[PDB]
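Because only heavy atoms are used, hydrogens play no part in the values below, and waters and symmetry mates are left out as well, while side chains stay in. Sequence lines set the chain letters: A, B, ... in the order given, protein chains first and strands last, and positions in each chain run from 1.
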Amino acid sequence: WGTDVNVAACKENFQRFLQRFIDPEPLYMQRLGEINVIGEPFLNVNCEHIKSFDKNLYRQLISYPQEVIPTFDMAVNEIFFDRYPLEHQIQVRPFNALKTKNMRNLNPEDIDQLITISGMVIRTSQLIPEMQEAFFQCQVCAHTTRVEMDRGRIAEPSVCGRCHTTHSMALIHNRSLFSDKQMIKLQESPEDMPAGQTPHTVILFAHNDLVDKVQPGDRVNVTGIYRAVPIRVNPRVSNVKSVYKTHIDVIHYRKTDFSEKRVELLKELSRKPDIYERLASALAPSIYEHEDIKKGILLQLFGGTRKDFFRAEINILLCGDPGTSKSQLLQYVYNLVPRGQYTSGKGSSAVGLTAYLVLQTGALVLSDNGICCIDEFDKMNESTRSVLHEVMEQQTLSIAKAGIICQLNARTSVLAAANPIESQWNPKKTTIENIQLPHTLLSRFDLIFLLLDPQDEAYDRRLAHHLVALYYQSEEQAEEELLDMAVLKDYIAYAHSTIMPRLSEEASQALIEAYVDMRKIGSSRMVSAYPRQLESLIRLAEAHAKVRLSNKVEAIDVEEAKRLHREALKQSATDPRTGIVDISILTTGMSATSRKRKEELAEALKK
Amino acid sequence: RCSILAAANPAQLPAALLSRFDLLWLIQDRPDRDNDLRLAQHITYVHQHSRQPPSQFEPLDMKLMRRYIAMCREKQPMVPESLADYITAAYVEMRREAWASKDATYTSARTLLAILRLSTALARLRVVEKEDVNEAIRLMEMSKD
DNA sequence: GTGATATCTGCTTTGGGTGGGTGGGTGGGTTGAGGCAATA
DNA sequence: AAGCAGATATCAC
Ligand SMILES: Nc1ncnc2c1ncn2[C@@H]1O[C@H](COP(=O)(O)OP(=O)(O)OP(=O)(O)O)[C@@H](O)[C@H]1O
Ligand SMILES: [Mg+2]
Ligand SMILES: [Zn+2]
């Protein structure tokens, strides 16, 4: 072999490295102790440490990884068995903290050398079995033999040892020994790409415990050996092309993006009198002065109680003029939730809402037990509207296509954003006629909010100052906001984990009286409420109880739910002509005054 | 990460698309004798000599214009604290006119960010100063007409 | 003199349209123009 | 040109 590698000297040097190196008790001695405690036989070693201690050992590791790494394994095994008298022997995984190469600059001089590259995973293959030891059985005497694989070639026996028959040994594929392999496609990082060039892609091969350690979408630093392999002209001939193909044999992956103390902090927050407003403020610091919308979105994030007999999910629609902060709110909620999806109602959209050989479930099914953010709600076609109505009413999605008949669970909360059909919101027009959506679909939303653009000058000045301040915000404030967001996420996770509020007797009486009063308002003069709204109240009440980290729904929760529902209706249920109390616009899609006027017109034309 | 320069003939493009443009310029050619006479004199000269009629200042060649454009692009000027109040005063003035016009103008919060973007571009040609904000304001109001 | 085992000989391969659309597109080939059903 | 199937003469024991 053309290598200046003496195995014994390398092993001794590496054992010396483990014994004496100190991180600026040897660090890797502590690592071996932790290995014994945990039981995972993998030792990661930073190549920078090896370089610092020994520049020859580092140089040999980089130049001849295939020869040198096994000697490192031998050294670590010997040392570890001395210090602590395990399913497998420990395996060293040298790695570089930072990439040493760009995917675009890989060269022939790097073949069979240890390199580190950064990238984003796009595809991973299913597991590929590799034969390590073949199993043969004589087709006459049943005598069995085992042959070790040698550089991808197997020495098939020619004569049975026991009975001496020739050409009688058949390979039993499923009695052999196999190991795992996986193909991964790594895409060049957007930052390192030259301007205007398409991303480059590289092939990686992972084996044994490194399979399935990355998923598509991951951003990773990969340390491995650069390989060059010949390509056959066709499968039948032994001719090869003079230009070789390349891949990387993965050696190390680095993914580059409750505690009792944490629970104590969360409970301490939950004890504070104004936890509701604190969480609401933390929800979206950038948006300005949309307090009730933020409170509703917080309650949607917490959700109501899963009774398991009843949708427990809270649906919110934000309709308003263009140039407001609707998309920003949807983005902030999408970032916050763990199982959320951000999508658009337009059909041309990259990510679809509908389920469509591989069965592909849409965003609504993917957001099951989560929140689906739908940005261009008004731009949905009729089929998408039917799908959304089915999801919101039944919490399931039925498919009968290509011989597949099934029902998919979709228990998802919809946060939707809507714009008017005109260039601006029309005060003369109601909500239904401002946004061209069926009233049947609108009646499935618990809360509808209106984000109108004021004509006030003082509002313009205040918003301008807000935006300028944000344009000049400092890094410490941004970090503080990030910490508050993390606290909010942990609080919501804990509440979902351990809190299941239930209705107390006083809450029940409060809800019944609330519904009766809402009905009375209309009954005094029309109808001012319908039973579905009562259900909404219950959900909201439960959500509020969950914010306090309380297992009992109290009267305060009911009062808050009533206030929020009454504010949303006052925002979105107002008839531009006369007043608000009329909810017939939601139930029938036509204003009561409009209905009377149309009746008059029809009667007159009938005259 | 590219800039968009679009050309369209009035009919109906969606408003969601038009509000994203920093400058929306409506080029209208209303016939007028003297201006039409001047335009014709220019065009006939170009056909006659295959170049524009001479002017007091000679236009710069493309080879040389691409050097200054690249050189300017290296600077990264910043907007001071002090201008914050003045830029704000301009924004409300623009907003008030838009509400008074009752036309389909797209003056919104997005407009404020546009003033900064243009102001820094003007400085990169020349730390931003009040003269760059004045030019940015003038260029934009002339666009909304 | 029999059992390998080394040498020699003949077949057909390739994807391709002079090898068919009377083989079949579940054996496998970009680009465009042309009928359908559902569509608006 | 490249490679497998078949035929067959040939060394060795
Ligand atoms: N209430 C507000 N709080 C903070 N920023 C706001 C507010 N209203 C408008 N803005 C500013 O307006 C821009 C928000 O535009 P965004 O894309 O969120 O609008 P949108 O409501 O989704 O509307 P559309 O899609 O119709 O343009 C940002 O500049 C944001 O700073
Ligand atoms: Mg938007
Ligand atoms: Zn045998």
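- One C1' atom belongs to D:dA2, the other to C:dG17, and the distance between them is 25 Å to the nearest Å.
- The distance between atom NE2 of A:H167 and atom P of D:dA5, rounded to the nearest whole Å, is 11 Å.
- Going from the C1' atom of C:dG16 to that of D:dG3 covers 23 Å, rounded to whole Å.
- Using a 4.0 Å cut-off between charged nitrogen and carboxylate oxygen, A:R444 and A:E393 count as a salt-bridge pair.
- Applying the 4.0 Å criterion to OP1 and OP2 of C:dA4, one finds that A:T166 has every side-chain N and O outside that range.
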Verify side-chain hydrogen bond (donor to acceptor under 3.5 Å, both in side chains) between A:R339 and A:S367, making sure each step is shown before the conclusion.
-> CA-CA 6 Å; A:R339 185 182 295 276; A:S367 317; over 6 Å; no
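- Across the protein-nucleic acid pair, A:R232 atom CZ and C:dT13 atom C1' stand 15 Å apart, rounded to whole Å.
- Rounded to whole Å, the distance from CG on A:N234 to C1' on D:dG3 is 11 Å.
- A 6.0 Å sphere centred on CD of A:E130 holds more than 12 heavy atoms belonging to other residues, nucleotides or ligands.
- At distances below 3.5 Å, at least one donor-acceptor pair connects side-chain atoms of A:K326 with backbone N or O atoms of A:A418.
- The strand DNA chain D forms stems, runs of 3 or more Watson-Crick or G-U wobble pairs with distances below 3.5 Å, at C:1-4 with D:10-13, C:6-9 with D:5-8, C:11-13 with D:1-3.
- The same atom, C1', is picked in C:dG24 and in C:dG19; the two are 15 Å apart, to the nearest Å.
- Distance, A:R236 CZ to C:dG15 P: 10 Å, rounded to whole Å.
- As rounded to the nearest Å, C:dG15 and C:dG28 have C1' atoms that lie 9 Å from one another.
- Under a 3.5 Å cut-off, the side chain of A:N102 and the backbone N or O of A:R104 do not form any donor-acceptor pair.
- When the P atom is compared between C:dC11 and C:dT5, the two are found 28 Å apart, to the nearest whole Å.
- With A:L204 as reference, A:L186 is the one residue of A:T124, A:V121, A:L186 to meet the side-chain contact (heavy atoms from CB on, under 4.5 Å) rule.
- The side-chain tip of A:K401 does not point at the ring of A:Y356 from less than 6.0 angstrom away and within 45° of straight on.
- Distance check on atom P: C:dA6 versus C:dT13 gives 30 Å, rounded to whole Å.
- Checking the phosphate oxygens (OP1, OP2) of D:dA2, a side-chain nitrogen or oxygen of A:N239 falls inside 4.0 Å.
- With a negative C1'-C2'-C3'-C4' torsion, the sugar ring of C:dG23 falls in the south range.
- Sugar pucker annotation for C:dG24: north, assigned from a positive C1'-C2'-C3'-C4' dihedral.
- For the consecutive nucleotides C:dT18 and C:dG19, the six-membered rings of the bases fall outside the stacking limits of 5.5 Å between centres and 30° between planes.
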